[PDB]
Amino acid sequence: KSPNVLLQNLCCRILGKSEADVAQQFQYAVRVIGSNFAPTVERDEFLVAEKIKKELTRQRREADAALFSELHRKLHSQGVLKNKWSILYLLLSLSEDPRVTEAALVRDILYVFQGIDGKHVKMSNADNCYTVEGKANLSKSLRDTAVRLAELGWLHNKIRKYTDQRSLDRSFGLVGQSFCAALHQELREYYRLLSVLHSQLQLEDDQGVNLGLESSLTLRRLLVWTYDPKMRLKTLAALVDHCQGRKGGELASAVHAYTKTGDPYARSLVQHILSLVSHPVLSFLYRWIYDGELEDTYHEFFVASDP
Amino acid sequence: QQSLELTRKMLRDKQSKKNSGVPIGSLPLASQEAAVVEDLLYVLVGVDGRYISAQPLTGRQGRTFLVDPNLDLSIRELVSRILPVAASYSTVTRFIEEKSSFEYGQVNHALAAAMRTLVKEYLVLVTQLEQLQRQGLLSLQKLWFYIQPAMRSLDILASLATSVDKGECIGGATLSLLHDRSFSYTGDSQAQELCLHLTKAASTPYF
Amino acid sequence: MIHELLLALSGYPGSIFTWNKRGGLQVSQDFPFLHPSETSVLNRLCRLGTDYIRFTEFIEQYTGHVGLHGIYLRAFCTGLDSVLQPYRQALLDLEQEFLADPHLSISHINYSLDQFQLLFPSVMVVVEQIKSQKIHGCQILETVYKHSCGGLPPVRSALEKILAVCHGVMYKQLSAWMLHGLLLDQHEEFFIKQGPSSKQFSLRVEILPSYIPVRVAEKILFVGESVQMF
Amino acid sequence: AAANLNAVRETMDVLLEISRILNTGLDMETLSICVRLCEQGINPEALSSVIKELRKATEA
Amino acid sequence: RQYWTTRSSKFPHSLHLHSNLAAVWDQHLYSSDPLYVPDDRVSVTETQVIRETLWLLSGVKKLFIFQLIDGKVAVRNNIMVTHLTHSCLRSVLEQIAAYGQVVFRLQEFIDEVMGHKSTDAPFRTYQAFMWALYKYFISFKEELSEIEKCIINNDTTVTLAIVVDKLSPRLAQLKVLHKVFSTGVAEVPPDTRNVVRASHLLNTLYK
Numbered sequence: 007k008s009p010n011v012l013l014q015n016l017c018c019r020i021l022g023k024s025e026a027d028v029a030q031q032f033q034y035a036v037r038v039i040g041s042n043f044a045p046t047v048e049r050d051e052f053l054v055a056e057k058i059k060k061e062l063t064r065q066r067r068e069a070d071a072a073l074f075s076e077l078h079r080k081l082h083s084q085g086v087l088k089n090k091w092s093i094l095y096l097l098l099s100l101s102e103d104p105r248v249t250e251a252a253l254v255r256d257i258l259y260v261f262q263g264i265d266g267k268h269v270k271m272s273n274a275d276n277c278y279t280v281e282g283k284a285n286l287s288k289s290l291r292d293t294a295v296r297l298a299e300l301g302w303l304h305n306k307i308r309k310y311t312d313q314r315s316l317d318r319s320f321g322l323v324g325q326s327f328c329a330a331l332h333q334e335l336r337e338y339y340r341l342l343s344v345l346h347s348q349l350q351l352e353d354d355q356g357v358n359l360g361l362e363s364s365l366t367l368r369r370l371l372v373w374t375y376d377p378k379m380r381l382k383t384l385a386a387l388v389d390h391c392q393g394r395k396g397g398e399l400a401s402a403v404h405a406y407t408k409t410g411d412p413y414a415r416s417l418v419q420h421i422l423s424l425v426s427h428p429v430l431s432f433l434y435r436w437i438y439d440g441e442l443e444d445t446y447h448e449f450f451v452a453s454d455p
Numbered sequence: 151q152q153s154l155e156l157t158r159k160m161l162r163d164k165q166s167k168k169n170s171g203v204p205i206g207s208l209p210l211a212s213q214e215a216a217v218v219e220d221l222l223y224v225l226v227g228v229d230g231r232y233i234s235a236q237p238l239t240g241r242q243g244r245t246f247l248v249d250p251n252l253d254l255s256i257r258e259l260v261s262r263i264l265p266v267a268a269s270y271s272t273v274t275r276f277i278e279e280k281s282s283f284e285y286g287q288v289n290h291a292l293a294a295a296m297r298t299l300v301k302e303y304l305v306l307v308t309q310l311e312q313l314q315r316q317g318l319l320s321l322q323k324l325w326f327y328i329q330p331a332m333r334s335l336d337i338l339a340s341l342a343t344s345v346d347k348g349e350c351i352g353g354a355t356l357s358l359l360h361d362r363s364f365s366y367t368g369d370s371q372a373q374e375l376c377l378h379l380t381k382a383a384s385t386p387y388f
Numbered sequence: 001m002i003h004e005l006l007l008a009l010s011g012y013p014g015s016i017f018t019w020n021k022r023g024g025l026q027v028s029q030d031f032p033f034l035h036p037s038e039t040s041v042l043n044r045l046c047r048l049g050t051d052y053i054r055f056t057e058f059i060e061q062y063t064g065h066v080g081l082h083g084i085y086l087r088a089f090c091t092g093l094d095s096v097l098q099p100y101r102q103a104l105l106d107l108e109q110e111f112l113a114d115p116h117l118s119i120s121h122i123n124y125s126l127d128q129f130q131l132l133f134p135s136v137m138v139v140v141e142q143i144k145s146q147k148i149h150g151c152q153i154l155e156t157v158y159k160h161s162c163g164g165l166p167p168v169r170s171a172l173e174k175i176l177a178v179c180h181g182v183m184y185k186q187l188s189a190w191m192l193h194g195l196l197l198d199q200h201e202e203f204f205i206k207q208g209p210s211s255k256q257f258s259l260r261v262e263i264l265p266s267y268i269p270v271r272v273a274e275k276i277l278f279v280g281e282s283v284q285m286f
Numbered sequence: 011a012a013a014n015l016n017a018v019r020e021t022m023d024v025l026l027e028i029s030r031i032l033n034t035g036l037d038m039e040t041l042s043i044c045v046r047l048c049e050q051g052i053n054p055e056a057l058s059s060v061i062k063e064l065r066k067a068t069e070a
Numbered sequence: 223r224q225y226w227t228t229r230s231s232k233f234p235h236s237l238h239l240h241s242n243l244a245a246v247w248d249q250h251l252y253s254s255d256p257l258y259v260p261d262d263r264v265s266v267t268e269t270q271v272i273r274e275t276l277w278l279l280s281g282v283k284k285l286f287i288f289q290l291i292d293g294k295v296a297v298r299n300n301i302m303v304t305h306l307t308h309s310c311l312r313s314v315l316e317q318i319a320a321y322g323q324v325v326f327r328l329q330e331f332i333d334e335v336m337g338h353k354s355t356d357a358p359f360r361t362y363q364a365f366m367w368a369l370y371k372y373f374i375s376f377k378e379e380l381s382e383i384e385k386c387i388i389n390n391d392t393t394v395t396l397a398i399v400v401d402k403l404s405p406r407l408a409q410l411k412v413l414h415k416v417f418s419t420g421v422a423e424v425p426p427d428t429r430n431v432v433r434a435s436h437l438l439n440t441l442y443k
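Residue numbers (the authors' numbering), protein chains in the order written: chain H, 7 to 105, 248 to 455; chain G, 151 to 171, 203 to 388; chain I, 1 to 66, 80 to 211, 255 to 286; chain P, 11 to 70; chain J, 223 to 338, 353 to 443.
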């Protein structure tokens with residue numbers, strides 16, 4: 007039944023000519039199709055999923071990448087598809103044109261990544277990091293992977309505390325508050341990536357093979373998931389340590405100093421942050437020019453006015 | 151040790167110039214192979230396998246490993262031949278960590294990030310492997326078959342990193358290496374692809 | 001849970017969500033499925049829930065009933094309600110999307126409400142300053158204007174909106190006092206008070265907002281007196 | 011049965027969403043044909059070649 | 223349709239943590255507290271909840287969940303919603319019941335005035365009072381009826397909060413008019429002449 011309906015649809019639909027009007031076209035199509043079954047290599051949808059992620063990053067649509075990830079969540083939720091690999095590859099081709249148990253371990257590591265201690269893994273302030281408690285329950289490999297992951301959680305906790313402090317004080321100046329708010333923009337992506345991962349953690353029931361899915365999540369999966377987030381948080385922690393006491397023009401120079409890294413990912417992120425921070429500075433300059441005056445309490449401008 | 155001193159020196163140079171800135206042998210052969218497969222999967226990310234201890238040799242070369250003495254001769258040989266993946270990954274990790282400081286200039290900086298991106302896809306392959314391992318469909322023969330290209334690529338990149346480190350190359354000297362290594366590996370797309378990628382990436386800031 | 005969660009966010013605490021009057025909204029940590037991250041997110045959200053509760057209390061206090082009294086205070090409460098309205102619409106849309114897909118994680122809800130997570134504490138700070146200082150009359154108009162130059166784009170937009178409402182109210186007042194020389198006082202709340210009225257008005261500088269030039273003030277007084285005597 | 015109908019409906023919904031967000035350039039019937047042939051063990055790249063040559067002949 | 227009869231309600235719905243919320247909470251209480259004895263509360267659907275609320279807004283005398291206790295609208299404490307929990311459910315119901323008791327007061331005033353003059357003294361001030369009352373209540377009732385009709389259409393599932401927010405301006409106007417009525421009418425005793433009560437309410441409304 008397959009090939010006949012395939013040819014009929016692909017002729018009457020793709021072309022405005024029916025298969026009873028043009029004959030050799032479907033012949034060439036079926037002969038190209040004929041004598042081919044499937045690749046013998048691994049057909050896991052994870053590989054094509056991160057292929058799509060890479061392509062979307064090449065298209066600078068990481069928001070779209072997250073959206074596609076969530077749609078993949080529902081696609082696995084339904085359980086109505088058995089050959090997602092092939093359809094995903096076809097969609098890739100089309101879209102190119104226009105452009248304790250490891251489950252508990254991963255749940256706890258997610259919890260940590262949200263900035264709060266998990267179970268059997270917690271903030272050891274004696275180590276001033278995250279440490280596996282009751283590691284005899286697990287193996288050395290599990291705890292090593294957990295520590296490698298939870299480095300990101302410790303950085304997240306650091307940045308969250310710093311941003312809370314800077315959101316608290318008001319004598320930190322308008323530029324400092326703008327910096328903190330922009331810092332929260334990246335926290336937003338952090339958070340919704342975490343939400344995507346939590347949603348995919350189990351779906352809602354074991355509908356497929358595992359976690360409501362056909363493939364079980366593993367530490368290695370979380371590793372590739374956090375690769376980019378890890379470097380993002382490393383860059384942000386470096387930035388926050390850099391601007392320890394920089395206020396106003398001080399901070400504006402400090403950030404422009406860290407604008408010279410040369411990592412186009414990180415460099416573009418820093419440029420976005422610098423643009424956001426300078427926007428209040430630009431408004432200050434425009435007011436000082438057009439109005440001949442700008443009023444401040446936390447003197448962050450480069451013009452000092454005398455009483 | 152060496153990396154910290156180098157980065158400190160070149161930060162000071164930048165400041166001076168720019169005025170700113203059960204026994205496994207008792208186990209059946211299949212079980213032993215599976216255990217070692219999981220261990221090497223761990224090692225790929227630089228975490229220890231259950232029957233292999235990483236030799237804590239750092240600051241002189243990449244991370245090497247020592248297997249347990251209870252291991253089949255053939256499997257021990259195979260793991261010996263396949264180990265250089267681990268050391269090459271430790272080398273690239275150390276390289277990307279060291280280029281963190283801005284004192285290496287953007288050109289060197291943008292260098293490592295490029296390899297960082299490659300690191301990404303490397304881990305992707307590992308994930309593939311672990312998926313196959315999740316399927317229980319992985320054999321050491323096929324593991325080696327898959328890694329052989331990855332083995333060669335990691336060897337190439339480790340050699341490039343070691344050359345840059347030993348020469349302390351910065352700027353066009355790195356590019357000179359890129360100019361040289363481009364010709365150094367004529368006759369194979371395996372190395373020429375990466376050489377072209379790295380030349381483009383490094384030259385973009387210098388261009 | 002999620003519906004109880006949003007209803008607590010809706011100002012209606014449940015059994016687990018307990019509203020201490022001054023202890024705020026807090027979590028009855030008794031559910032066997034609760035986890036430390038779960039409880040931490042719960043507390044972070046109860047923060048904004050308590051904020052909303054106190055907002056509602058204040059607005060009911062000084063909009064439904066007539080120190081802490083006058084047209085300025087009612088306008089403050091009305092603008093605070095308006096600014097919180099988009100928070101309510103976001104809450105309702107989140108409820109709708111949960112009612113669509115049940116596999117959604119509370120982390121998704123936290124991601125969504127992070128938009129107002131930062132906004133709410135600044136508004137609480139402003140309103141608690143207003144109340145504690147008992148800011149009354151046109152002084153209040155200056156107050157937010159002082160804070161109107163904040164560094165939080167969300168908070169700054171909300172403050173601009175409320176300040177435009179205040180501007181509209183005091184423009185109504187000024188139009189009344191200019192076009193017909195009519196002073197309207199609920200609790201003697203105006204930048205001009207009665208003078209001799211035999255001359256006719258006396259300025260109220262202590263309540264004059266900082267962003268009102270004195271020259272403008274005396275121009276207004278001159279015009280109003282001229283109209284009234286005519 | 012009815013649950014199956016709802017599942018198929020939301021399935022087409024999600025596939026339409028991903029197609030539109032992915033600016034692939036297909037409609038409901040094209041996607042239905044593609045998905046119905048998907049489980050038939052059909053080479054994707056050959057399908058893409060066929061569809062691209064069809065679209066190039068369309069303007070020509 | 224007949225649902226105000228005292229028979230229990232058992233209905234099919236999606237089963238989740240948040241869909242079985244009340245049931246799950248009671249099970250947690252019982253498991254944590256074997257001392258807990260489940261308090262009998264009739265399970266009702268949000269559809270029935272909203273229909274009862276619409277009835278209260280219209281002022282229907284025959285009510286099941288709502289108890290006209292001492293002339294004030296209150297909740298029934300032997301009803302529950304599995305999607306909800308008892309505490310917040312009752313909180314919402316009491317927020318609604320404030321407006322409902324105001325509406326009850328309005329209804330009693332209306333019935334008093336319309337006695338459910354060419355013979356006694358003119359009372360046309362009261363006549364216009366209740367005339368405008370009726371007009372406003374008519375507008376409110378058409379609002380409620382449109383909501384109810386959308387409900388009866390059995391469309392995709394719609395939550396109560398939508399209607400709550402839609403009627404919130406109506407809730408505020410309800411509160412304002414309740415305060416005004418109590419001021420200008422309830423305060424002045426009927427011992428005074430129509431002159432006195434009329435002037436009192438007139439000045440209340442003018443202020």
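Even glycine gets a Cβ: it sits at the ideal position worked out from N, Cα and C.
Do you know how far the Cα of residue j is from the Cα of residue i?
i	j	result
H/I257	H/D354	21 Å
G/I256	G/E214	7 Å
Could you check what DSSP says for residue i in three-state terms: helix, strand or coil?
i	result
P/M22	helix
H/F327	helix
I/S258	strand
J/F286	coil
H/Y278	strand
H/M271	strand
I/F286	coil
J/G420	helix
H/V28	coil
H/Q65	coil
J/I301	strand
Under 9 Å Cβ-Cβ, which residues of chain I neighbour residue i?
i	result
J/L306	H3, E4, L7, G14
For residue i, which of the options has the nearest alpha-carbon?
i	options	result
H/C391	H/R314, H/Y438, H/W373	H/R314
H/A386	H/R368, H/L370, H/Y406	H/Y406
I/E274	I/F286, I/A189, I/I205	I/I205
G/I277	G/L154, G/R297, G/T239	G/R297
J/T392	I/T91, I/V283, I/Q109, I/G280	I/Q109
Whose C-beta lies closer than 6 Å to the C-beta of residue i among residues of the same chain, with five residues either side of it excluded?
i	result
J/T419	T440
G/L222	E311
Who are the neighbours of residue i on chain H, taking C-beta pairs under 9 Å?
i	result
G/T245	Residues of chain H passing the Cβ test: none, with the nearest at roughly 17 Å.
P/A70	Within 9 Å Cβ-Cβ: nothing; P/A70 doesn't reach chain H, min ~12 Å.
Residues in the same chain with beta-carbon distance under 7 Å from residue i, minus the five sequence neighbours each way, listed in chain order, please.
i	result
J/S280	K377, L380
For residue i, collect the residues of the same chain with a Cβ closer than 8 Å to its Cβ; drop the 5 residues on either side in sequence, then sort them by chain order.
i	result
J/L369	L328, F331, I332
Compute every distance between the C-beta of residue i and the non-hydrogen atoms of the ligand ATP, then say whether any falls below 8 Å.
i	result
H/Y375	You won't find the ligand ATP in this model; it holds no ligand whatsoever.
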